[PDB]
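Peer 1: Fold the following.
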Amino acid sequence: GXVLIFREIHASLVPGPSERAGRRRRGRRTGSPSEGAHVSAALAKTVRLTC
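Peer 2: Numbering: from 1, shown residues only. The structure is reproduced below:
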(Lines give C-alpha, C1' and ligand atoms only; values in the text may rest on other atoms or scores of the structure.)
Protein backbone atom coordinates (compact mmCIF):
# COMPACT_ATOMS: atom_id res chain seq x y z
CA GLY A 1 0.00 0.00 0.00
CA UNK A 2 2.15 2.83 1.33
CA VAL A 3 2.77 2.48 5.06
CA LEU A 4 3.90 6.05 4.93
CA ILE A 5 0.58 7.17 3.70
CA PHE A 6 -0.79 5.09 6.47
CA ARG A 7 1.22 7.65 8.36
CA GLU A 8 -0.44 10.37 6.33
CA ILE A 9 -3.90 9.28 7.34
CA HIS A 10 -2.40 8.94 10.75
CA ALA A 11 -1.21 12.50 10.19
CA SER A 12 -4.78 13.72 9.79
CA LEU A 13 -5.81 11.70 12.82
CA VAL A 14 -3.45 13.74 15.00
CA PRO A 15 -4.88 17.26 14.08
CA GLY A 16 -8.41 16.04 14.64
CA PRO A 17 -8.39 15.94 18.49
CA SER A 18 -4.95 17.49 19.11
CA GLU A 19 -5.45 20.66 17.06
CA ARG A 20 -8.51 21.64 18.99
CA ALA A 21 -6.40 21.31 22.14
CA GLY A 22 -3.34 23.38 21.17
CA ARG A 23 -2.69 23.67 17.45
CA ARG A 24 -5.82 25.79 17.33
CA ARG A 25 -3.62 28.76 16.49
CA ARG A 26 0.03 27.87 15.86
CA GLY A 27 1.17 24.93 13.76
CA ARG A 28 1.96 26.45 10.38
CA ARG A 29 4.31 23.56 9.64
CA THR A 30 2.41 20.44 10.63
CA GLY A 31 -0.99 21.70 9.55
CA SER A 32 0.15 22.04 5.95
CA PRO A 33 1.44 18.43 5.55
CA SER A 34 -1.74 17.33 7.25
CA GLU A 35 -3.70 18.79 4.36
CA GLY A 36 -1.62 16.85 1.92
CA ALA A 37 -2.10 13.91 4.21
CA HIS A 38 -5.77 14.18 3.34
CA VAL A 39 -4.89 13.91 -0.30
CA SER A 40 -2.79 11.02 0.91
CA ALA A 41 -5.96 9.69 2.42
CA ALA A 42 -7.44 9.35 -1.06
CA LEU A 43 -4.27 7.88 -2.44
CA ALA A 44 -4.61 5.62 0.55
CA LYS A 45 -7.85 4.46 -0.90
CA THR A 46 -5.64 3.38 -3.77
CA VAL A 47 -2.85 1.93 -1.64
CA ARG A 48 -5.49 -0.20 -0.03
CA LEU A 49 -6.79 -0.96 -3.48
CA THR A 50 -3.22 -1.98 -4.23
CA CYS A 51 -1.79 -3.93 -1.28
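
Peer 1: And residue 34, how far from residue 51?
Peer 2: 24 Å (C-beta to C-beta, to the nearest Å). The way it works is simple: take the backbone N, C-alpha and C, and place the C-beta from them, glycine included.

Peer 1: do the same with residue 10
Peer 2: In terms of C-beta to C-beta, residue 10 sits 17 Å off from residue 51.

Peer 1: Which of those two has more residues huddled nearby?
Peer 2: residue 10 (14 against 7; other C-beta atoms under 10 Å).

Peer 1: Name the helix or strand for the more buried one, please.
Peer 2: Taking DSSP states H and E as the definition, residue 10 sits inside helix 3-13.

Peer 1: ok, and what's touching the helix or strand containing residue 17?
Peer 2: Here residue 17 sits within helix 15-18, counting by DSSP H and E. Counting by C-beta atoms under 8 Å, 6 or more residues apart in numbering, the neighbours of helix 15-18 from elsewhere in the structure are 23, 27, 30, 31, 34.

Peer 1: can you put those in JSON lines and add secondary structure, distance to residue 5 and neighbour count?
Peer 2: Listed next are those as JSON lines, based on DSSP: H, G, I helix; E, B strand; the rest coil; distance: C-beta to C-beta, whole Å; neighbours: other C-beta atoms under 10 Å:
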{"residue": "23", "secondary structure": "helix", "distance to residue 5": "21", "neighbour count": "15"}
{"residue": "27", "secondary structure": "coil", "distance to residue 5": "21", "neighbour count": "14"}
{"residue": "30", "secondary structure": "coil", "distance to residue 5": "17", "neighbour count": "15"}
{"residue": "31", "secondary structure": "helix", "distance to residue 5": "18", "neighbour count": "12"}
{"residue": "34", "secondary structure": "helix", "distance to residue 5": "13", "neighbour count": "20"}
